[PDB]
Amino acid sequence: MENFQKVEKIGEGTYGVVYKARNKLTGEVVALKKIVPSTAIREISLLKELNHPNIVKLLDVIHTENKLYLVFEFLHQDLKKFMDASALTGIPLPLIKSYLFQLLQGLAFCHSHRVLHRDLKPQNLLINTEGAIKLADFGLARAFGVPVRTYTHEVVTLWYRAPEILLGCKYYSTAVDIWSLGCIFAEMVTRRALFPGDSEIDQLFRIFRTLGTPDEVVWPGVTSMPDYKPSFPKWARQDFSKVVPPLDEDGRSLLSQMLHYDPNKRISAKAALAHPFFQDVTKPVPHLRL
Ligand SMILES: Cc1nc(C)c(-c2ccnc(Nc3cccc(O)c3)n2)s1
């Protein structure tokens with residue numbers, strides 16, 4: 001732990017704070033995360049074995065006196081920052097499609113190992129000059145528990161939270177990531193958050209206003225979920241034509257299958273990789289400003 005020289009503060013994770021750092025020994029640059037439950041130790045130590053082209057590699061795990069540090073391979077930018085940098089022009093579809101395609105490859109890999117991310121968002125998706133994008137903080141959710149805020153009690157967003165988690169489902173599945181990726185895909189395309197909810201119920205109602213209030217017809221058992229209230233307003237479903245303009249039909253159809261209410265109806269990452277939308281997918285390089 002004294003072999004790392006903090007250089008900057010990358011961000012404020014939900015579990016801990018992240019820093020760009022240099023290994024005083026190897027002299028390598030890395031992303032250092034500070035955060036104890038033994039069950040956790042084993043939990044994360046298993047994640048260190050996750051090796052995929054689209055998963056931010058977890059190099060080492062350091063537990064020292066009521067403290068836990070995670071060493072990750074360093075990447076130069078998070079998807080949020082990049083999107084902001086392209087607000088005026090917007091990311092070209094070829095690049096969007098490529099990112100989406102790689103992201104799903106990773107998700108497919110993690111899901112085939114029963115591992116879930118559970119808190120996907122622009123900030124934990126990292127990109128390099130090579131045109132590759134990667135998932136960061138995978139599995140950690142399970143390693144611990146999801147709080148409300150953080151140390152600065154600042155803001156961790158519900159914007160990408162799947163409906164099942166918002167309605168109280170205790171045992172959600174890998175389908176919650178697809179939904180999150182689903183919402184992120186939309187944001188890239190429109191350059192705006194699909195569901196920018198400022199509270200749980202507001203987050204739920206925005207989804208409703210756009211996808212329509214769910215029922216037993218589209219979502220069997222929905223009315224029996226922990227937080228379902230028969231008193232929920234009933235809104236109609238709006239057509240994606242107005243949701244993701246100007247996205248082509250292939251992407252819109254692919255998107256609607258990522259945004260299905262019934263988790264068992266929501267498309268899997270593996271199946272999504274087979275969708276027509278990726279018929280002409282390529283790997284363009286981004287214009288990154290560092
Ligand atoms: C949140 C995050 N959690 C982890 C583990 C992150 C991580 C991992 C590897 N590399 C980076 N780099 C990075 C670089 C510029 C801006 C940024 O938000 C993140 N961040 S970001």
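What's counted below: heavy atoms across the whole structure, side chains too, no hydrogens, waters or symmetry copies. For reference, positions follow the sequence shown, starting with 1.
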Asker: Salt bridge (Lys or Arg N to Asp or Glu O under 4.0 Å) with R22: which residues, sequence neighbours excluded?
Answerer: none

Asker: Can you tell whether the side chains of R266 and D262 come within less than 4.0 Å, N to carboxylate O?
Answerer: no

Asker: Could you walk me through whether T223 and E216 satisfy the side-chain hydrogen bond (donor to acceptor under 3.5 Å, both in side chains) test, starting with their C-alpha distance in whole Å, then the side-chain angles of each, then the deciding distance to 0.1 Å, before giving a yes or no?
Answerer: CA-CA 7 Å; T223 64; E216 287 299 316; 2.8 Å; yes

Asker: Let me confirm one number: the CG-CG distance from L194 to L211, rounded to the nearest 0.5 Å.
Answerer: 7.5 Å

Asker: Give the table of side-chain donor-acceptor pairs shorter than 3.5 Å for residues 70-79, with sequence neighbours excluded, one pair per line with atom names and distance.
Answerer:
unit_1 : atom_1 : unit_2 : atom_2 : d
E73    : OE1    : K134   : NZ     : 2.9
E73    : OE2    : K57    : N      : 2.7
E73    : OE2    : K134   : NZ     : 3.0
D78    : OD1    : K80    : N      : 2.7
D78    : OD1    : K81    : N      : 2.5

Asker: Among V56, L120, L50, which one satisfies side chain to side chain contact (heavy atoms under 4.5 Å, CB included) with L135?
Answerer: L120

Asker: If the threshold is 4.0 Å, N to carboxylate O, is there a salt bridge linking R191 and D84?
Answerer: no

Asker: Let's go through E249 and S253 carefully: what are the C-alpha distance in whole Å and the side-chain angles of both, what is the deciding distance for side-chain hydrogen bond (donor to acceptor under 3.5 Å, both in side chains) to 0.1 Å, and is it a yes or a no?
Answerer: CA-CA 6 Å; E249 190 61 50; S253 92; 5.6 Å; no

Asker: What class does the angle between the rings of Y261 and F208 fall in, given that below 30° is parallel, 30 to 60° is tilted and above 60° is perpendicular?
Answerer: perpendicular

Asker: Is there side-chain contact between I267 and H260, with heavy atoms separated by less than 4.5 Å?
Answerer: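 In short, these two side chains do not touch, never coming nearer than 4.5 Å.
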
Asker: Regarding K6 and the six-membered ring of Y19, is the cationic atom NZ or CZ under 6.0 Å from the ring centre and inside 45° of its axis?
Answerer: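 Yes, a cation-pi geometry.
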
Asker: Check whether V17 and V61 end up in the same hydrophobic cluster, where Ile, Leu, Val, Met, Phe, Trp and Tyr are linked by side-chain heavy atoms less than 4.5 Å apart.
Answerer: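 No, no single cluster joins them.
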
Asker: Taking 4.0 angstrom as the limit, do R252 and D250 come out as a salt bridge?
Answerer: no

Asker: Report yes if the side chains of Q203 and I207 come closer than 4.5 Å at any heavy-atom pair, otherwise no.
Answerer: yes

Asker: Which atom pairs, one a donor and one an acceptor, fall under 3.5 Å between side chains of residues 92-107 and the rest of the protein, sequence neighbours left out?
Answerer:
unit_1 : atom_1 : unit_2 : atom_2 : d
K97    : NZ     : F277   : O      : 2.9
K97    : NZ     : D280   : OD1    : 2.4
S98    : OG     : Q102   : NE2    : 3.3
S98    : OG     : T282   : O      : 3.0
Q102   : OE1    : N54    : ND2    : 3.1
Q102   : OE1    : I133   : N      : 3.2
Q102   : NE2    : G131   : O      : 3.1

Asker: I'd like to know if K33 and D137 make a salt bridge, using a cut-off of under 4.0 Å between side-chain N and carboxylate O.
Answerer: yes

